[PDB]
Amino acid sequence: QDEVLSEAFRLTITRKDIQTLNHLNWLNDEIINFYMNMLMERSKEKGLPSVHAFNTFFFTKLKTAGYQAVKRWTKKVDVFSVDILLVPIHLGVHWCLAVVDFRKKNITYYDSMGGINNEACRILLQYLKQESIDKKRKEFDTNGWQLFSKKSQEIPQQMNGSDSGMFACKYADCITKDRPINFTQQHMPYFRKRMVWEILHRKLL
């Protein structure tokens, strides 16, 4: 509908959105970004990597308009003062995730459909290069940085044409907890339920 149901992080999730989490429905940017926000909230706890998530508009914008077009999006946050940078990626009718881990010192792309996109990682490393200059006025040290993409046999793949967003989210969930990705397609239906919960509650079970 239009009726707001839950709300935080200066965001508002409505019934229309929550419904996208339903059975086999394609999730929308509202769910992804809200969920991503909860992960960044939880990242405050000790024992967890500090995390910063960009909204699902950043990468596309950064890819089609260049750095000069998103440089001000990070005006109130020092990207390099966190451990993990979450980059949800929208590919028109499919969802993906790119993750910058300054600790492991590498940029890895995650696709539940087996795609590769190492280009996405190059775009991001370039980004890190422009930020380090625009914001910290020094030149980024790429030494040791690994740009790669997880292979279909390395991470749980989806078996339908809808859970892409779900995998993206859960991948980040596990990644943000420094825990091995240990779920499968079989869990998706549950995960969807647990999220309409977690979101209306604003708390990650």
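From 1 onward, residues are counted along the sequence shown.
Annotation for 128-136 versus 99-107: the higher mean temperature factor (C-alpha) is found in 128-136. Legend: mean Cα B-factor per stretch from the PDB entry, 27-35 versus 65-73; the higher mean is in 65-73.
Highest CA B-factor among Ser164, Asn143, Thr60, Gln153, as stated in the entry: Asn143. Ranked within its chain, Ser149 lands in the middle third, by CA B factor from the PDB record.
Remark: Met159 belongs to the highest third of its chain, ranked by C-alpha B-factor as recorded.
Sort the modelled residues of the chain by CA B factor and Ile89 lands in the lowest third.
When the CA B factors of the chain's modelled residues are split into thirds, the value for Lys170 lands in the lowest one.
In the PDB entry, a CA B factor belonging to the highest third of its chain's modelled residues is recorded for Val79.
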